[PDB]
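Colleague: If you scroll down you'll find the structure; I have some questions about it.
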Protein chains: 2
Amino acid sequence: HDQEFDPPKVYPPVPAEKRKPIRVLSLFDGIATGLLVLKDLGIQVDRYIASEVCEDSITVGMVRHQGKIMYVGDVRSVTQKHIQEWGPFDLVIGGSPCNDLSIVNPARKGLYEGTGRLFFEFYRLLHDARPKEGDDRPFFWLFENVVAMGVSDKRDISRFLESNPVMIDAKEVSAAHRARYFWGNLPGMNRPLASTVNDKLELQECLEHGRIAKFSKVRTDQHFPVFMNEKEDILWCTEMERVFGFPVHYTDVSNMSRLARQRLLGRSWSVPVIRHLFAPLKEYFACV
Amino acid sequence: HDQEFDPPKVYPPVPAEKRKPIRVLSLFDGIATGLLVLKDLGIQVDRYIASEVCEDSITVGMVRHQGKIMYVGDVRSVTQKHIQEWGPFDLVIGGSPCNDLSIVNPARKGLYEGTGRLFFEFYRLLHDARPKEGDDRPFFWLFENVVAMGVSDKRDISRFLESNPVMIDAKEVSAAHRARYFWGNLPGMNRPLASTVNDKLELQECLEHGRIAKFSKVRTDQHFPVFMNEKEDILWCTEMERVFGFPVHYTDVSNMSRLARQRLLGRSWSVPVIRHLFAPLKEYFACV
Ligand SMILES: Nc1ncnc2c1ncn2[C@@H]1O[C@H](CSCC[C@H](N)C(=O)O)[C@@H](O)[C@H]1O
Ligand SMILES: Nc1ncnc2c1ncn2[C@@H]1O[C@H](CSCC[C@H](N)C(=O)O)[C@@H](O)[C@H]1O
């Protein structure tokens, strides 16, 4: 599909003597997957600012990052003054809530409802955190969304962000079936999925003991995908974290139920997919 | 209180050339605290047999011990034939459910109801697993119960088990307020609480980040014992595991709610108290 045409801006590599840690703005953070991947790659983080509403996700971040995260409330409360007073950013990330962007809803409300239009909030903060002309600072940005969108919606998003959406499927690097569009200007945006041997490709490596995988991988019949003691059992939450690439026992931070952990892990990013995406940032920024 | 009088049987120490791994019968296992403590002390376990009813506790054991546990169902299904066919045991452990043994109930049903009389099931399996006369094999046993019992109940239990109940309070070695009676014939049954520096004595060492302990320790006002972001918050389950001496994120094994994790962790043993109790077994049995 060639509807628009624009070259991706490739920044020159900075040497090690002018190497600086990253300043990261994370708009729709949720479960703090971005800072988790950044800490796993061994990258020094000078400032991480997450604008999260949901208190369970804020609790996930406060437990798993120990007060490193600077919290904002709603993204509508962020102005241009808040962007220009919190220093210039080096990495902007986010994925808008796809309640009305997904075409799996028969009665979907579209891009221009209060769940979808938050994307434009992103664009506004994309417009504020972007450096002006004449500044050769390497500025990188990343937007995530689902594959189940309309043609006009994806076309308008691609025109607004001015980048080619690469499609990445979790089955090439992890044990999940979800294809996601990624807008951004990272180097090697469409390079193939370098599967890490430490990543759990099959489903059975993500299971616990005493459980047999019925399928080869899981999706995002009135049965259950795991047999347990010759009985079909629901897929566990820690096993869901191992499928989604998270560390073991990650989203157990408060007194939330099983349904809350499902709602948090469903909306979260895939750790291996991000690790692939954030990989070339290591040569552009600080290392630890 | 000197109502009965009997000397504790002290077994001779076996040297290292005749040293064998342990065979453990665990009647009212629940959360597998005994085998956890045994693996933490570095003791080779040849056979561990847990007779547990509740499927959540069986799931805890299957996750945290990887099929090492031989499961029986109800303790009433165990006969003398099952004891004599599963080899002679070296350590028998258990704590009966104190639904009717506790005097915190105003309408308590007593020792001789189906929650209390399961203790006698223990005694029956204590009678079957005990070696006959002439056998100098070191056989050890341990029964646990709450402090809130009647005088006649504790007297009858002490007469039936023929041992002096030592009282151990969790506050001397951990951050919990519970005193428990321990019947048994382990060496150093009433030696004082050797507090380990690796054990978390204070409550604040068991908390996560961003939470301030209101009290010095927790119990087993319409307020909450932990402030979180200048707001009173319920004590977390993983923090409850850190209080009770369990490893971090221990009882997160299936899709159980907060109330199920409370019901499992409440009935469970205190890991440091057991570690103290199981400590002298290291010189009588195998080491790893
Ligand atoms: N107006 C808003 N501003 C900021 N966050 C919002 C928001 N509305 C909802 N959220 C929260 O932000 C998250 C966006 S949903 C997708 C999250 C993202 N894919 C991830 O990496 O986890 C949701 O968890 C939702 O609870
Ligand atoms: N008849 C029975 N036989 C075996 N287990 C039983 C039982 N009835 C109840 N149980 C279970 O056995 C446990 C006894 S309650 C106390 C458990 C013990 N203090 C511990 O170390 O965890 C409870 O979790 C209960 O679910």
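Going by the structure tokens order, chains are called A, B, ..., each with residues numbered from 1, while ligands are numbered from 1 in the order shown.
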Select residues of chain B: the criterion is any atom within 9 Å of an atom of chain A, counting only C-alpha atoms; output as a ChimeraX atom specification.
Modeller: /B:62-67,208-210,234-238,249,252-258
Colleague: Tell me which protein, DNA and RNA residues are within 10 Å of residue B:160, counting only C-alpha atoms, leaving out same-chain ones fewer than 6 positions away, and put them as a PyMOL selection string.
Modeller: chain B and resi 120+123+154
Colleague: What does the file look like for those residues with N, CA, C and O atoms, as a JSON list (two decimals), in the first residue's frame?
Modeller:
[["chain", "number", "residue", "atom", "x", "y", "z"],
["B", 120, "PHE", "N", -6.75, -36.20, 65.60],
["B", 120, "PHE", "CA", -6.65, -37.60, 65.97],
["B", 120, "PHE", "C", -6.25, -38.45, 64.77],
["B", 120, "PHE", "O", -5.52, -39.44, 64.94],
["B", 123, "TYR", "N", -2.71, -38.30, 64.93],
["B", 123, "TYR", "CA", -2.24, -39.26, 65.93],
["B", 123, "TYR", "C", -2.25, -40.68, 65.38],
["B", 123, "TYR", "O", -1.29, -41.43, 65.59],
["B", 154, "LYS", "N", -5.65, -28.19, 75.41],
["B", 154, "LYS", "CA", -4.19, -28.24, 75.37],
["B", 154, "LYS", "C", -3.65, -29.36, 76.25],
["B", 154, "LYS", "O", -2.67, -30.03, 75.89]]
Colleague: Within 6 Å of ligand 1, counting only C-alpha atoms and all ligand atoms: which residues, as a ChimeraX atom specification?
Modeller: /A:28-31,33,51-54,74-75,95-97,267-269
Colleague: Can you write just those residues out, N, CA and C atoms, as a PDB file, in the first residue's frame?
Modeller:
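Saved file again_5.pdb follows:
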ATOM      1  N   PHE A  28       0.970   7.031  27.106  1.00  0.00           N
ATOM      2  CA  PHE A  28       0.020   6.011  27.528  1.00  0.00           C
ATOM      3  C   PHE A  28       0.834   4.805  27.980  1.00  0.00           C
ATOM      4  N   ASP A  29       1.389   4.940  29.183  1.00  0.00           N
ATOM      5  CA  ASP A  29       2.333   3.959  29.699  1.00  0.00           C
ATOM      6  C   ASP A  29       1.624   2.677  30.114  1.00  0.00           C
ATOM      7  N   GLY A  30       0.657   2.788  31.021  1.00  0.00           N
ATOM      8  CA  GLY A  30       0.013   1.595  31.549  1.00  0.00           C
ATOM      9  C   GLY A  30       0.990   0.828  32.414  1.00  0.00           C
ATOM     10  N   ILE A  31       1.093  -0.478  32.158  1.00  0.00           N
ATOM     11  CA  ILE A  31       2.223  -1.242  32.662  1.00  0.00           C
ATOM     12  C   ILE A  31       3.497  -0.675  32.059  1.00  0.00           C
ATOM     13  N   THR A  33       6.198  -0.873  30.442  1.00  0.00           N
ATOM     14  CA  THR A  33       6.953  -1.790  29.601  1.00  0.00           C
ATOM     15  C   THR A  33       8.188  -1.110  29.022  1.00  0.00           C
ATOM     16  N   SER A  51       2.643   9.636  31.930  1.00  0.00           N
ATOM     17  CA  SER A  51       1.366  10.320  32.171  1.00  0.00           C
ATOM     18  C   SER A  51       0.228   9.301  32.216  1.00  0.00           C
ATOM     19  N   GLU A  52       0.053   8.654  33.364  1.00  0.00           N
ATOM     20  CA  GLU A  52      -0.890   7.550  33.491  1.00  0.00           C
ATOM     21  C   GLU A  52      -2.048   7.917  34.411  1.00  0.00           C
ATOM     22  N   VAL A  53      -3.252   7.492  34.027  1.00  0.00           N
ATOM     23  CA  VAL A  53      -4.463   7.745  34.806  1.00  0.00           C
ATOM     24  C   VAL A  53      -4.733   6.625  35.804  1.00  0.00           C
ATOM     25  N   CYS A  54      -4.688   5.375  35.338  1.00  0.00           N
ATOM     26  CA  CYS A  54      -5.162   4.239  36.125  1.00  0.00           C
ATOM     27  C   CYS A  54      -4.233   3.952  37.299  1.00  0.00           C
ATOM     28  N   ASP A  74      -3.807  12.834  33.985  1.00  0.00           N
ATOM     29  CA  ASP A  74      -4.349  12.693  32.641  1.00  0.00           C
ATOM     30  C   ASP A  74      -3.472  13.434  31.633  1.00  0.00           C
ATOM     31  N   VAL A  75      -3.481  12.946  30.387  1.00  0.00           N
ATOM     32  CA  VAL A  75      -2.694  13.580  29.332  1.00  0.00           C
ATOM     33  C   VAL A  75      -3.271  14.926  28.919  1.00  0.00           C
ATOM     34  N   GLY A  95       1.029   4.128  23.234  1.00  0.00           N
ATOM     35  CA  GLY A  95       0.002   3.449  22.474  1.00  0.00           C
ATOM     36  C   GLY A  95      -1.381   3.829  22.957  1.00  0.00           C
ATOM     37  N   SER A  96      -2.182   4.434  22.081  1.00  0.00           N
ATOM     38  CA  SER A  96      -3.492   4.945  22.461  1.00  0.00           C
ATOM     39  C   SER A  96      -4.451   3.793  22.773  1.00  0.00           C
ATOM     40  N   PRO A  97      -5.436   4.013  23.650  1.00  0.00           N
ATOM     41  CA  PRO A  97      -6.421   2.955  23.926  1.00  0.00           C
ATOM     42  C   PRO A  97      -7.308   2.696  22.716  1.00  0.00           C
ATOM     43  N   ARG A 267      -3.702  -4.844  27.560  1.00  0.00           N
ATOM     44  CA  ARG A 267      -3.354  -3.561  26.964  1.00  0.00           C
ATOM     45  C   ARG A 267      -1.853  -3.311  26.899  1.00  0.00           C
ATOM     46  N   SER A 268      -1.038  -4.150  27.529  1.00  0.00           N
ATOM     47  CA  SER A 268       0.388  -3.888  27.626  1.00  0.00           C
ATOM     48  C   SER A 268       1.105  -4.250  26.328  1.00  0.00           C
ATOM     49  N   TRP A 269       2.290  -3.671  26.159  1.00  0.00           N
ATOM     50  CA  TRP A 269       3.139  -3.977  25.022  1.00  0.00           C
ATOM     51  C   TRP A 269       3.783  -5.350  25.183  1.00  0.00           C
TER      52      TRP A 269
END
Colleague: According to DSSP computed on the backbone, where in stretch 117-258 of chain B is there alpha helix (DSSP H)? Give the residues as JSON, numbers by chain.
Modeller: {"B": [118, 119, 120, 121, 122, 123, 124, 125, 126, 127, 128, 129, 151, 152, 153, 154, 155, 156, 157, 158, 159, 160, 161, 237, 238, 239, 240, 241, 242, 243, 258]}
Colleague: Got time to write the residues from that selection, C-alpha atoms, as a compact mmCIF listing (two decimals), in the first residue's frame?
Modeller:
# COMPACT_ATOMS: atom_id res chain seq x y z
CA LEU B 118 -8.65 -34.43 62.28
CA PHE B 119 -5.86 -34.04 64.87
CA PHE B 120 -6.65 -37.60 65.97
CA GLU B 121 -6.20 -38.62 62.32
CA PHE B 122 -2.71 -37.17 62.77
CA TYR B 123 -2.24 -39.26 65.93
CA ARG B 124 -3.34 -42.35 63.98
CA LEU B 125 -0.77 -41.60 61.30
CA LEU B 126 1.62 -40.77 64.13
CA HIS B 127 0.93 -44.30 65.40
CA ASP B 128 1.52 -45.89 61.98
CA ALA B 129 4.67 -43.99 60.97
CA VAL B 151 -6.81 -25.56 79.23
CA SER B 152 -8.48 -28.97 78.87
CA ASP B 153 -7.91 -29.04 75.10
CA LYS B 154 -4.19 -28.24 75.37
CA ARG B 155 -3.88 -30.68 78.30
CA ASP B 156 -5.50 -33.52 76.32
CA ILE B 157 -3.33 -32.79 73.25
CA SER B 158 -0.16 -32.70 75.39
CA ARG B 159 -1.15 -35.99 77.03
CA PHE B 160 -1.97 -37.64 73.69
CA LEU B 161 1.24 -36.54 71.97
CA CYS B 237 -0.27 -10.28 49.78
CA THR B 238 3.38 -10.34 48.69
CA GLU B 239 4.15 -8.14 51.69
CA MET B 240 2.23 -10.69 53.78
CA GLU B 241 4.50 -13.39 52.33
CA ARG B 242 7.55 -11.31 53.27
CA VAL B 243 6.12 -10.92 56.80
CA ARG B 258 -7.21 -11.76 47.07
Colleague: What is the distance, in Å and to one decimal place, between atom CA of residue B:167 and atom CA of residue B:270?
Modeller: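 If I compute the distance from atom CA of residue B:167 to atom CA of residue B:270, I get 13.3 Å.
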Colleague: From the list B:172, B:205, B:221, B:56, which residue is nearest ligand 2 when using only C-alpha atoms and all ligand atoms?
Modeller: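 Smallest separation from ligand 2 among the options: B:56.
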